[PDB]
Structures are given as structure tokens and as C-alpha cells.
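Accompanying notes for the structure given below.
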Ligand SMILES: *[C@@H]1O[C@H](CO[C@@H]2O[C@@H](C)[C@@H](O)[C@@H](O)[C@@H]2O)[C@@H](O[C@@H]2O[C@H](CO)[C@@H](O)[C@H](O)[C@H]2NC(C)=O)[C@H](O)[C@H]1NC(C)=O
């Protein structure tokens with residue numbers, strides 16, 4: 001069974017370096033060309049690099065030319081992508097993909113490529129520092145009632161890095177909950193919000209608490225959403 | 001600086017069936033193999049005895065360009081020391097083969113809705129082919145013990161089978177055009193060199 | 001650089017429909033074309049690899065055709081696990097390039113959003129910043145337009161929105177638009193309004209509040 005296992009991603013500041021590896025098993029590694037393909041968050045696929053089985057031929061996308069270097073140790077059945085001079089735009093999930101038969105003697109089945117992909121590893125280039133979010137209430141009111149049901153929520157603002165996990169009532173409340181995708185603010189910090197629609201008739205009796213956890217900073221906040229204090 | 005007419009061989013209008021494989025003698029010209037190797041057009045370009053990366057730094061006496069058409073999955077058989085219908089009954093390379101095998105997909109040209117029967121391959125033969133042997137016999141193969149009397153039926157088979165080349169087939173069953181470059185080396189002046 | 005143009009960019013269809021995605025190459029790429037499927041948060045999975053050759057283990061409803069410059073991926077009968085994003089890839093010449101992608105969404109009846117607006121919390125104001133949140137809840141299709149108006153002055157470049165994935169139960173979207181001001185600029189003004197225009201609305205819906213009032 002063909003298997004590719006990547007490792008080596010992480011957080012690194014701009015100008016930094018990082019070396020991804022992709023361990024292969026279940027096929028003659030030294031006989032096929034190998035590929036690196038990255039995907040920025042919420043965007044499309046982008047091809048990064050190819051190396052031949054012999055290690056003699058290497059080709060790169062222009063956007064990473066001269067900065068990244070693809071290589072391979074066939075004795076260890078491992079592919080490497082050395083990323084220097086890292087820019088914030090290089091933030092992506094990096095996948096290792098099996099290419100076509102490309103030997104020391106030539107190529108065989110140039111159509112059969114990208115049949116097998118690695119699980120991918122995340123590379124986050126940013127000049128931010130690990131910061132925990134502030135959890136503010138989005139409180140329900142008459143401005144947030146809409147025909148028997150009212151909406152309330154939590155604003156999880158200014159954190160780094162991803163991710164943050166958000167539950168409601170320690171998991172007791174799940175119906176009609178929407179925890180939005182994090183947006184990357186111009187400050188370099190992330191921000192999301194989690195809202196839920198409930199029966200407005202129960203705003204005085206039922207307690208609503210959002211549970212926010214940001215492990216990278218050691219931040220846990222349980223915030224109670226008090227209805228309109230007026 | 002006479003260039004080798006590889007366009008006659010590769011860019012040819014019609015290719016031969018594998019059993020009746022065609023051969024082009026190539027001499028007294030300058031061959032740029034590098035252009036072909038880096039052409040992004042051929043699906044296969046594997047060499048044996050030579051290294052394709054810088055093989056146009058070499059000279060030979062003659063160059064034989066064999067051309068034919070097979071099924072995609074049969075391209076693996078065009079190699080030294082191979083078994084299978086094509087390597088046994090159609091086109092055999094020698095164990096000491098020195099040359100290159102080039103194949104490219106020709107589904108757009110050699111397919112036809114419902115089957116193109118222009119291309120055939122030998123399915124039965126009494127013995128395996130010797131290297132570089134061409135057998136175009138259409139003799140009724142006698143599989144059994146009673147003679148066939150030139151008529152086919154029970155244990156009497158027509159030796160050629162037709163590819164049913166439909167563009168809807170998988171890749172393994174699509175038509176591939178193949179050129180085998182063999183490098184002949186005699187005790188004579190070497191007439192086919194590269195750009196240097 | 002060979003440029004791959006996918007059409008359409010997005011597409012909604014019901015289960016059972018025949019779905020056709022097109023991929024055009026700016027130059028000739030012969031048959032070095034592959035089609036991949038990507039579910040959210042997962043790895044690209046190959047569906048077709050030689051412009052027309054199906055991948056082993058892929059249901060026969062998927063099919064690929066074309067060559068030269070135009071190619072087509074086709075699903076004969078849609079299926080629940082077929083709602084994903086599909087990419088075409090040429091691997092003919094360096095650099096290999098993907099298409100822009102095609103997201104295949106679930107089709108439902110038009111639904112207008114419930115609009116709500118949330119003023120800044122007193123705590124955040126105490127922090128020195130203010131964020132006003134506008135929520136559009138459970139609408140379809142996803143196309144909606146949000147405009148922020150502070151004292152009837154249209155705001156630009158100080159808000160960000162994000163939308164949820166299509167909901168698992170009712171296949172409706174939810175969008176949040178967050179407008180960010182300094183506490184200073186927040187206290188300079190009175191009326192904060194969020195104006196939503198959506199296909200499901202005959203006239204734009206404005207939800208607003210006045211700073212420090214109930
Ligand atoms: C095989 O042919 C291609 C293209 O040939 C052209 O189309 C034919 C149908 C016919 O009309 C020919 O007269 C044409 O030339 C060759 O590719 C071109 O090669 C020239 C130089 O020979 C180059 O300047 C072009 O950029 C090439 N264009 C393309 C699209 O390939 C190819 O070289 C031929 N191969 C051999 C081995 O002769």
C-alpha cells in the first residue's frame with residue numbers, strides 16, 4: 001500500500017526557514033518523480049515543485065523560485081522541501097504527491113501522476129506572537145429578536161495562532177449554533193464569532209455561556225451572555 | 001549540417017500494425033535527440049545502454065527507427081527481457097539492446113467510434129520471435145492435432161487479432177504510437193552524430 | 001504559463017442531476033489532464049487522470065472527455081458524497097497549473113436572512129476598541145450584500161465578513177459582518193446601521209441602533 005507521511009511544518013517568522021519531509025513506503029521511491037503542492041487557507045491548489053527520481057532534474061513554480069529547494073534521499077525513501085526566505089504568502093498546507101515514472105534511464109507513464117498524495121503539513125509564516133483572544137458578548141435584545149426567536153453570541157477577537165475552539169453550555173447547546181470561520185485581520189491577529197438563535201421567551205430563565213479555548217496561549221474563557229441589561 | 005528526417009518517422013500520417021512493424025534506416029545526418037527527450041509530447045522515453053540526458057554527445061554508424069502502434073498497457077513490453085503477446089509474437093528486443101523506446105498516446109488519431117480495425121497484432125505463433133524479427137505470415141495457426149486445411153474453426157485460428165480502438169477505452173486500451181531507436185555500430189565510418 | 005479556466009466557478013444542483021464542469025487550457029496540453037475532488041479539510045483525491053481515464057475505485061458516474069484545449073468532467077447522477085470542490089490540473093509543461101476550482105453546492109429554495117445587529121460590549125469599549133456585528137442567519141443563495149452606515153455615512157475598509165459552510169440540516173448559509181472602530185471614533189457618532197440586500201428580499205432590510213440607547 002502506497003503511503004506518504006509528511007512532517008516538519010509549523011509557525012515561523014518571515015525570513016525564517018523550515019524543512020518539510022515526506023516519508024514514502026510501498027513502492028519503488030527512487031523510480032518516480034515527486035511533487036510538492038501547497039494550498040493557502042480558503043484558496044485553491046498551487047503546484048510548488050517537482051524532482052526526478054534520479055534527483056538530477058528539479059523544477060519550481062516562479063512564486064517560490066530561488067527560495068525553496070526540493071531534494072530527496074532515496075536511501076531513506078524521503079522527499080524534502082527546504083523553505084528559506086519564507087514570506088507570509090507561503091502560509092499553506094503542503095502536500096506531497098507521487099508523480100510519473102521518471103528513472104535514471106528516462107520516463108515511462110507521463111500521464112499517470114498525482115495518484116497518491118500525502119496528508120499535508122501546515123506551514124504558517126507570520127510575524128505575530130502567540131496571543132490569547134478576548135471573548136466579548138454579543139448580547140440579545142429587542143434589536144436581536146425576530147419573531148419569537150432571538151440571537152445571541154460571542155466575539156472571539158485578536159488571537160494567534162489558529163485554532164480556537166468554541167462550544168455553548170459546555171456542549172449542552174448545539175441546535176442552531178453557527179461558529180463562523182476565523183478572519184485574518186490586518187493586525188495579523190485572528191477573529192471569529194459564534195452565534196446561536198434560541199427561543200426569546202427563555203432569555204430570562206435560561207443561562208447561555210460560550211466556552212472558548214485557545215491552547216497555543218494557555219487561554220480558556222467561559223463567558224456568560226447576559227441579555228440586554230436595560 | 002544535414003538534420004535527420006525524424007519528422008518522417010514521428011509526424012507520419014499512418015503507422016503500421018505491430019506485427020508488420022515498419023523500419024526507417026537513418027544515416028548521414030545530424031540527430032538532435034535532446035529536443036525529442038524534452039518534448040512534453042511523448043508519454044514514454046526510456047533508454048537502455050545509453051543515458052538519455054546527454055546522449056546526443058554520441059555517434060553511431062546507423063540508426064534504425066522502428067515504428068508501429070500498440071495498446072497502452074503493452075508499452076511496458078517494448079523493453080529488453082520482456083514476455084507477453086507483443087514481446088513474443090510481434091516485436092522482440094535483444095537482451096543486449098542499446099537504444100531508446102519512445103511512445104505517445106494517439107487516441108485522437110487511431111481511434112474510431114465502434115472500433116478501428118486497421119491495427120492488428122499477432123496472437124498465436126509456434127515459437128517466440130528472435131530479436132528484430134518481422135513475421136507477416138497469415139497462416140491458419142494449428143492449435144490442435146488435426147491439420148487445419150487452410151480453414152479456421154475448432155483449434156484452427158487466424159493468427160492476427162484486431163484492436164477494437166474506441167476513444168472511450170481506458171488508457172491501457174488506447175492506441176499508442178511507438179518508435180524504437182536502435183543504434184547500429186559497424187566497422188565503418190560513423191555517419192549519425194549529435195550536435196557535437 | 002498554461003492557464004486553466006474552469007467554468008462554472010460555483011454551481012448548485014440537486015441529487016440526481018447531470019453535472020458538467022468545463023476546463024479550458026490556454027495552449028495545447030495533449031492528454032496530460034487530471035480531475036481531483038476535494039472535500040473540506042481533506043486531501044485532493046484523483047478522479048480522472050488521462051483526460052478521459054477513470055481512476056480505480058471511483059464510481060462510474062464520473063467521466064472525463066476532451067483533449068487539446070477543452071476538457072469536460074461529468075457526473076451522470078449526482079450523489080450526496082459528490083458535493084465538494086473539483087479541480088482540473090494540467091501536468092504537461094512546467095509549471096504545472098491547476099484550475100481555479102469548481103465548488104458543487106446543494107440546491108434549495110430561496111430563503112431570506114434573519115438580520116440582527118449587535119453593538120459593542122461595554123467590556124470591549126473599556127479595552128479601547130469597538131466592534132459592531134451584523135448577523136445574517138440562514139439564507140439561500142449565499143449571495144448577499146452588506147453595507148455599514150455610521151451616521152448615514154457609508155463605511156468602507158473597516159469591516160470584514162465571513163460566512164459559514166452550507167448548513168447540514170437546511171443547507172442555508174449564515175454570514176457575519178464585523179465593523180471595527182476605535183472607542184474614540186465609536187463615541188463620535190450616534191446611528192449605526194447595517195443594510196442587507198438579498199435575493200429573498202423585495203427591498204433592502206436595515207437594522208440599526210443608536211449609541212447608548214435602549
Ligand atoms: C512535428 O510537427 C510539429 C508541428 O508541425 C506543424 O504541424 C504539422 C501538421 C505540419 O503542418 C508542419 O508543417 C508544421 O510545422 C513540430 O512542432 C513545431 O516545430 C517547429 C520547428 O520544427 C517549431 O518552430 C514549432 O514551435 C513547433 N510547434 C509545435 C506546436 O510543436 C515538431 O517539431 C515536429 N516533430 C518532428 C520530430 O519533426
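For this structure, a couple of remarks:
- The per residue volume of the convex hull around the alpha-carbon atoms of segment C:131-175 is 82 Å³.
- Each part gets one Cα centre, and for segment B:1-45 versus segment A:68-84 those centres are 36 Å apart.
- Distance from the C-alpha centroid of segment C:40-107 to that of segment C:149-165: 36 Å, rounded to the whole angstrom.
- With contacts taken as Cα pairs under 8 Å and at least 6 residues apart, segment B:71-118 reaches a relative contact order of 28 percent.
- GNM remark for chain C: springs join alpha carbons under 10 Å apart, and the peak mean-square fluctuation among C:91, C:198, C:189 falls on C:189.
- In chain B, the inverse of the mean reciprocal separation of distinct Cα atoms equals 17.9 Å; this is its Kirkwood hydrodynamic radius.
- Calculated P(r) of segment B:1-87 - Cα pairs past 19 Å, %: 47
- Pair-distance profile P(r), taking every C-alpha pair of chain C, with 10 angstrom steps and integer %: 8, 27, 22, 19, 16, 8, 1
- Computed over the protein assembly as shown, the quotient of the alpha carbon radius of gyration and 2.2 N^0.38 Å is 1.26.
- Cα centroid of segment C:5-25 to Cα centroid of segment B:67-103, whole Å: 41
- Share of Cα-Cα pairs in segment A:52-180 lying beyond 24 Å, as whole percent: 56
- Peptide packing: for B:169-177, A:211-219, B:182-190, the average count of neighbouring Cβ atoms within 10 Å per residue gives the ranking B:169-177, A:211-219, B:182-190, highest mean first.
- Set against the 2.2 N^0.38 Å expectation for a compact globular protein, segment C:114-210 has a Cα radius of gyration ratio of 1.12.
- Average beta-carbon neighbours from other chains, 10 Å sphere, peptide A:44-54: 4
- The mean count of C-beta atoms from other chains within 10 Å of the C-beta of residues in C:98-105, rounded to a whole number, is 2.
- In chain B, the DSSP-assigned H stretches of four residues or longer account for a calculated mean residue ellipticity at 222 nm of -2000 deg cm²/dmol, using -39500 (n - 2.57) per stretch and the full residue count as denominator.
- Protection proxy ranking of A:151-161, B:141-151, A:52-62, A:105-115 - average other beta-carbon atoms within 10 Å, highest first: A:151-161, A:105-115, A:52-62, B:141-151
- Partner shielding of A:93-105 amounts to 3, given as the average count of beta-carbon atoms from other chains within 10 Å of each residue beta-carbon.
When we count neighbours, we look across all protein chains shown, and the Cβ atoms used for this are built from the backbone with ideal geometry, even at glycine. Computed from the coordinates by the stated procedures, all read-outs in this text should not be read as laboratory data.
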